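A short worksheet on the structure shown next.
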Amino acid sequence: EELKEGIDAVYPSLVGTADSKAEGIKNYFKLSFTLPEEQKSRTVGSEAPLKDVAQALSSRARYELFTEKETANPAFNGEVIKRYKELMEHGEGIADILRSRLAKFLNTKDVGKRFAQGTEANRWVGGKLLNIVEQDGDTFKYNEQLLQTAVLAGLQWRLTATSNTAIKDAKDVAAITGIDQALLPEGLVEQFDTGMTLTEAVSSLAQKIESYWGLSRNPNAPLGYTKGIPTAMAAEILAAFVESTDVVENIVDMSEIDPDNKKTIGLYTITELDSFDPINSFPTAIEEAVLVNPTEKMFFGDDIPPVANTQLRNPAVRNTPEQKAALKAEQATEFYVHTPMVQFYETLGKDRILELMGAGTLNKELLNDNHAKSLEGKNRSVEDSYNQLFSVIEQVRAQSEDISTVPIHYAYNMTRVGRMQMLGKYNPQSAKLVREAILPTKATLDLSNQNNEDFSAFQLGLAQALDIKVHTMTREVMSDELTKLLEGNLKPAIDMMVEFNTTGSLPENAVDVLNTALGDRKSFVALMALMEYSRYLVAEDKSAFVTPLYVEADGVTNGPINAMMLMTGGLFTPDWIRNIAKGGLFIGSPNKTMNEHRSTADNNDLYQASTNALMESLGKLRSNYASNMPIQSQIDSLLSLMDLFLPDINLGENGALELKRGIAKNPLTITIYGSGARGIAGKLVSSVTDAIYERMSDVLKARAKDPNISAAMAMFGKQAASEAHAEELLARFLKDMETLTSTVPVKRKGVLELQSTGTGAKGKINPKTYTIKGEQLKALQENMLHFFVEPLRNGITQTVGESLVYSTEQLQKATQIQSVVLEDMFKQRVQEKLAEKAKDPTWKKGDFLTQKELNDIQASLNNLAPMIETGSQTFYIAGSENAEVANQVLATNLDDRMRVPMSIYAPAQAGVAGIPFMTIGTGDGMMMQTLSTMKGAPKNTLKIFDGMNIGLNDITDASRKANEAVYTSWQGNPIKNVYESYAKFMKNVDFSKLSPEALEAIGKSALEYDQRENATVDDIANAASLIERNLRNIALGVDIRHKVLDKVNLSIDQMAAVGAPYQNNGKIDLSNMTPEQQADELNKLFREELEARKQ
DNA sequence: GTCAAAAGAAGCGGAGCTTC
Ligand SMILES: Nc1nc2c(ncn2[C@@H]2O[C@H](COP(=O)(O)OP(=O)(O)OP(=O)(O)O)[C@@H](O)[C@H]2O)c(=O)[nH]1
């Protein structure tokens, strides 16, 4: 244990004694950190890191010498060297800001003088940086090595942090702001997706600084310093960046939106470099110079990414051997730049791509104020996607004379839900624009004959890209439908692309030609299709046409179908057989494809089935209130408003109701995953308001282009035939808005009752400022909930089966009950340990527990089985990062601001997280994992969770393997996996040791409403073990069903499009049988197996 | 309560209570 001397040699002049038992000033940097066994950072021991690395970055030969490599990244040329010289000089500036801030901190309130006299200011929340200072005269100064290395990390973060930030949805913004997800004002989500919160900016910064420091944490040192000192350094660098205008600080006030919300939230945005910046072509030069094993970098040629050991943001969960092999298989896949599409993007230009694929140039007075904010977010996405692709291209272009032959590899990690995800925000897997420029798919096709199987594959790839629903029709019908389109509407776009692949130029009206020809088919993959087809037409050798065009083996209602197959526990019903067929499980029909099923057997998928069930449930709700005219008129209004703006809702001339699969897509998926009805209603209202705000922009665009046009024609002219027909549509809109915002349905004793809000919408509409806010959004939501959503939920249940709902409820309850105990015991063991440390003189409050002490508490929970094992997958549902455990500030900056909460990796309440965890995990997660590791695993693909892009040459076998992987996935039993660990939890849990806050939470899940309030510990313990019993019976049932189903002749085409189903070769033939006959025969085998286990 | 990642600022004082 001579490591005390080791780090003292490196940092001898730091203020303080390197022992916690000393009485003077104690140096907590040398107590918290040690030198690593093997070198991590090349700046360790350097007198002046900024000078040393600047010298390294000054030339290619010096960079090669510093990194001890023979050859350096060829993108690091003359222009890039010039820009790094300038960024290095900027590092000197940030370092200079940091020094003046320290000086100011030492002077204010005579802290410097007090600290020199013995005051332990280095243990304050805002003074932990005094652990890295040195004595200089009658004052203090930074340790230059530590300061400059931190600045270097700050510079790398400044360059690439934005391309690594997480995408924030509406739910995320809701959690930050404290405003209900449904009631969020327009554009606010866009504001918070562009910015970084305090914790977001600091944690990413502190991660960099600490790694750049290149030291190991001391397991026996308090978290308040091990995690606190680099966080303190991060907070100061951020404050320095605010001063230099590299980062813009925005304190957003919530009382401007929701007056009784008192949150003021800091939002931080990194100033973007101009996209033509030479540094964009190689932004990881510092990272690759400082670190022996750099995180951030592109992987070219045969430089393959390492395989991550632990689950993403779950350090307690190790990736299984099978998961690691999958991650290796995907990281081995070579990606290639498709030059034609890059050239196409480049020729169109950023502006015209924004025009074509976004909203283009915004006229902020021909646009509704709320509608403009949606369009700003649509442009931001496309523009950032465009810049980020061309930053990659520029680096790729430098690797070789031909870009199309440079192999690119991508890093992957396994998430909490067992999904293989490409790291970085804008990659082929996450960005559609990038997806069409960098492909792993490629094939040499014989297209000299339009009767080749190669040309059939080519047609399938074009049709799917052009928005033809290829899984709904056979290949032959697909072929004819593609021809009609190519020779019809697309012809002028094809002609324009033919000329582009001849002269290399586009016409001035390019956006117009593409927009008119594609219409609703407009997507990036559709632009690929026009490109690849026109390239084929001009091709010199059609016998050997090289193309990255792909076919996606796409899961048909993947989530819901997986849940139905994996978690239904009862006896087989005839409805289940018909409904599961909608997802590709065909019983007693050898070689049946999804194509044949949709065209000859059943054209309704699971979304449509639930939509038709919603229609039936609406008719049953109307009967219950047949004489109640106000209620009948209220349903009529909601449906009138939806029909008016949404394509999926249609009302006939005689009042006939027609609903399309569209409105059920998102609700069906999230309902099963445990989403509440109110969240669904909010989203439905949000898509209604979106279309209304958009229509207001259309009004202004008509009013300015014709000041004589009526308000009715301006809003409904594109829909109606005459003036009076438009006026009655305007009459509908104003009527519907009034009654739906002034009256709401409330459920009293199981009976719906209408109530006045007293906040109804009325007044002359101003199409510019028109906004539906606060009480009015809540009103529409209430009507949507009781008249549309609740009927749909009943329809969803009817479709997927009550047996599945029961299972998911049991799964949710079990995992919730377990997570509450884990969270509470952890918190209590933390408080137990913090009580002990108070009786310690060397310890002080503000310091936390040591990592070793936190490992002791985590390991003490092993008997409660926090992990769920499948044999090939591991899940930790409770696992989270949260500030509730420490409940204290970790560090502040030197202005007493930027107060970073101490986040601890600890268990938390699961909520309904258990359901998507297991469904996605053992469903699509397990499928893709299998698809990467199986015997004869499809190569050169791009996996996107429930869909796989395959090269045109291998569409047949890859699709069959995919369906085989689905079948393998359906051998899983997630409920058994949950039961296995919940049973261990039930044998070791003491419910009495739980807090009354935690005890009530378990009561919510375990007991019926009437029994909660104040039940005994023995009462909730009995109910918890009842759920254990329930789990066993479900798991028993799922196991039997799977075994029984395996004995029967099956054709599986869930990953549909190509028409290549997997056959299980079950010996028991069930052909020429009705679902009713099939159910009876399957149940005969069920009880046969059930009595075999019995004895 | 879908999930795939969390997440208020700041004066006075040196923690954590407090007000916007
Ligand atoms: N867990 C989870 N997965 C999602 C969610 N949204 C999308 N996904 C998955 O992420 C994948 C993204 O697919 P993309 O190819 O990027 O396109 P898309 O998201 O389907 O966008 P659209 O085509 O407009 O519907 C999908 O295959 C989904 O399975 C979500 O909200 N939660």
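Note that the first sequence covers residues 1310 to 2404 in the working numbering. Even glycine gets a Cβ: it sits at the ideal position worked out from N, Cα and C.
Report task. Can you give me the Cβ contacts of residue 2070 inside the same chain, cut-off strictly under 8 Å, excluding the 5 residues immediately before and after it? Result -> Sequence index remark: in the first sequence, residue 2070 carries index 761 (1-based). Counting only Cβ-Cβ distances below 8 Å, and skipping sequence neighbours, we find 2046, 2047, 2050, 2051, 2081, 2085.
**Report entry** Environment of residue 2139 [buried if 16+ CB atoms lie within 10 Å]
**Finding:** Residue mapping note: residue 2139 aligns to position 830 of the first sequence, counting from 1. Under the 10 Å beta carbon count, residue 2139 is surrounded by 16 or more other beta carbons and is classified as buried.
Query raised in the report: If you draw a straight line from the alpha carbon of residue 1464 to that of residue 1454, how long is it in whole angstroms?
Result: By 1-based counting over the first sequence, the position of residue 1464 is 155. By 1-based counting over the first sequence, the position of residue 1454 is 145. The straight-line gap from Cα to Cα measures roughly 15 Å.
Requested in this report: Classify residue 1919 as buried or exposed, calling it buried when 16 or more other Cβ atoms lie within 10 Å of its own Cβ.
Outcome: Residue numbering aside, residue 1919 sits at position 610 when the first sequence is read from its first letter. Buried, by the Cβ-count rule.
Query - Rounded straight-line distance, which links the Cα of residue 2288 to that of residue 2195 - result: Residue mapping note: residue 2195 aligns to position 886 of the first sequence, counting from 1. Residue mapping note: residue 2288 aligns to position 979 of the first sequence, counting from 1. The alpha-carbon atoms of residue 2195 and residue 2288 are separated by roughly 32 Å.
Query raised in the report: Anyone know if the C-beta pair for residue 1514 and residue 1466 falls short of 8 Å?
Result: Within the first sequence, the letter at position 205 stands for residue 1514. Within the first sequence, the letter at position 157 stands for residue 1466. Yes. Within cutoff.
Requested in this report: Please classify residue 2048: does DSSP put it in a helix, a strand, or coil?
Outcome: Along the first sequence, read from residue 1 onward, the residue named residue 2048 stands at position 739. In this structure, residue 2048 counts as helix in the three-state DSSP scheme.
Query - Of the listed residues 2076, 1860, 1934, nearest to residue 1777 (C-alpha basis) - result: The residue labelled residue 1777 in the question sits at position 468 within the first sequence. Comparing Cα positions, the closest option is 1860.
**Report entry** Other residues of its chain near residue 1946: CB distance less than 6 Å, five sequence neighbours each side excluded
**Finding:** Position 637 of the first sequence, counted from the start, is the residue given in the question as residue 1946. Same-chain partners within the cutoff: 2045, 2048, 2049.
Report task. Please classify residue 2086: does DSSP put it in a helix, a strand, or coil? Result -> The residue given as residue 2086 occupies position 777 in the first sequence. In this structure, residue 2086 counts as helix in the three-state DSSP scheme.
Requested in this report: Put residue 2201 into one of helix, strand or coil per three-state DSSP.
Outcome: On the first sequence, position 892 is the one that residue 2201 refers to. Of the three classes helix, strand and coil, the one that applies to residue 2201 here is coil, per DSSP.
**Report entry** Supposed contact pair residue 2216 and residue 2192 - C-beta distance, whole angstroms, cut 8 Å
**Finding:** Indexing the first sequence from 1 puts residue 2192 at position 883. Indexing the first sequence from 1 puts residue 2216 at position 907. Not really, about 14 Å apart at Cβ, beyond 8 Å.
Requested in this report: Please find out if some non-hydrogen atom of ligand 1 comes closer than 7 Å to the beta-carbon of residue 2225.
Outcome: Here residue 2225 refers to the residue found at position 916 when the first sequence is read from its first residue. Under cutoff, so the answer is yes.
Report task. Taking 8 Å as the cut-off, decide whether the C-beta atoms of residue 1641 and residue 1613 are in contact. Result -> The count along the first sequence starts at 1 and reaches residue 1641 at position 332. The count along the first sequence starts at 1 and reaches residue 1613 at position 304. Taking 8 Å as the Cβ cut-off, residue 1641 and residue 1613 qualify as a contacting pair.
Query raised in the report: What span of residues does the alpha helix (DSSP H) with residue 2138 cover, start to end?
Result: Numbered from 1 along the first sequence, position 829 holds the residue referred to as residue 2138. 2111-2146 is the span of the alpha helix (DSSP H), which, as asked, contains residue 2138.
Query raised in the report: Do residue 1834 and residue 1745 have their C-beta atoms within less than 8 Å of each other?
Result: Start at 1 with the first residue of the first sequence, and residue 1834 comes out as number 525. Start at 1 with the first residue of the first sequence, and residue 1745 comes out as number 436. Contact: yes.
Query - Residues bridged to residue 1863 [DSSP beta-bridge criterion] - result: The count along the first sequence starts at 1 and reaches residue 1863 at position 554. 2256, 2365.
Report task. State the DSSP-derived secondary structure class of residue 1472, mapped to helix, strand or coil. Result -> Counted from its first residue, the first sequence places residue 1472 at position 163. Coil, per DSSP.
Query raised in the report: Per the contact definition of three or more C-beta pairs closer than 8 Å, is the segment 2391-2399 in contact with the segment 2340-2350?
Result: yes
Query raised in the report: So is the beta-carbon of residue 2229 under 7 Å away from any non-hydrogen atom of ligand 1?
Result: Working through the first sequence from its first residue, we reach residue 2229 at position 920. Checking every heavy atom of ligand 1 against the Cβ of residue 2229, one is found closer than 7 Å.
Report task. Return helix, strand or coil for residue 2014, following the three-state DSSP convention. Result -> By one-based count along the first sequence, residue 2014 stands at place 705. In the structure shown, residue 2014 adopts coil according to DSSP, grouped into three states.
Query - Rounded C-alpha distance that separates residue 2392 from residue 2353 - result: Within the first sequence, numbered from 1, the residue matching residue 2392 stands at position 1083. Within the first sequence, numbered from 1, the residue matching residue 2353 stands at position 1044. In a straight line, the C-alpha of residue 2392 is about 9 Å away from that of residue 2353.
Query raised in the report: Should residue 1741 be counted as a contact of ligand 1 given a C-beta to heavy atom distance under 7 Å?
Result: Residue mapping note: residue 1741 aligns to position 432 of the first sequence, counting from 1. At least one heavy atom of ligand 1 is nearer than 7 Å to the Cβ of residue 1741, so yes.
Report task. Note down the Cα distance separating residue 1823 from residue 1830, rounded to an integer number of angstroms. Result -> Numbered from 1 along the first sequence, position 514 holds the residue referred to as residue 1823. Numbered from 1 along the first sequence, position 521 holds the residue referred to as residue 1830. Whole-angstrom Cα-Cα distance: 10 Å.
Report task. Quick one: give me the first and last residue of the alpha helix (DSSP H) that residue 1340 is part of. Result -> On the first sequence, position 31 is the one that residue 1340 refers to. Segment 1337-1341, the alpha helix (DSSP H) holding residue 1340.
Query - Cα-Cα separation between residue 2321 and residue 2126, rounded to whole angstroms - result: Working through the first sequence from its first residue, we reach residue 2321 at position 1012. Working through the first sequence from its first residue, we reach residue 2126 at position 817. Distance between the alpha carbons of residue 2321 and residue 2126: 14 Å.
Query - Where residue 1495 falls, given that 16 or more other Cβ within 10 Å makes a residue buried - result: Locating residue 1495 in the first sequence gives position 186, counting from the first residue. Burial call: buried.
Requested in this report: Could you work out which residue in 2367, 2384, 2157 is closest to residue 2260 when comparing CA atoms only?
Outcome: In the first sequence, the residue the question calls residue 2260 occupies position 951. Answer by Cα proximity: 2367.
Query raised in the report: Do you know how far the Cα of residue 1665 is from the Cα of residue 1400?
Result: Indexing the first sequence from 1 puts residue 1400 at position 91. Indexing the first sequence from 1 puts residue 1665 at position 356. Using only the alpha carbons, I get a separation of about 40 Å.
Query - Cα-Cα separation, residue 1439 to residue 2337 - result: What you label residue 1439 is simply residue 130 of the first sequence in a count that begins at 1. What you label residue 2337 is simply residue 1028 of the first sequence in a count that begins at 1. Spanning the two alpha carbons is a distance of roughly 54 Å.
Requested in this report: State whether the segment 1684-1696 contacts the segment 1613-1629, with contact taken as three or more CB pairs (one from each stretch) at a distance under 8 Å.
Outcome: no
Query raised in the report: Does ligand 1 have a heavy atom nearer than 7 Å to the CB of residue 2256?
Result: Along the first sequence, read from residue 1 onward, the residue named residue 2256 stands at position 947. It does: the Cβ of residue 2256 is within 7 Å (strictly closer) of some heavy atom of ligand 1.
**Report entry** residue 2216, enclosing beta strand (DSSP E) - first and last residue
**Finding:** Here the question's residue 2216 lines up with position 907 in the first sequence. That run of the beta strand (DSSP E) goes 2213-2216.
Requested in this report: Please go through the same chain and pick out, in chain order, the residues whose beta-carbon is closer than 6 Å to the beta-carbon of residue 1603, but skip the five residues on each side of it.
Outcome: Translated into positions along the first sequence, residue 1603 becomes position 294. If we look at residue 1603 and ignore the five residues flanking it on each side, its Cβ neighbours are 1596, 1597.
Query raised in the report: Under a three-way DSSP split, which group does residue 1453 fall into?
Result: Here residue 1453 is taken as the residue at index 144 of the first sequence, counted from 1. Residue 1453 falls in the helix class under three-state DSSP.
Query raised in the report: For residue 1571, which beta-bridge partners are listed by DSSP?
Result: Residue mapping note: residue 1571 aligns to position 262 of the first sequence, counting from 1. Per DSSP, none; premise fails for residue 1571.
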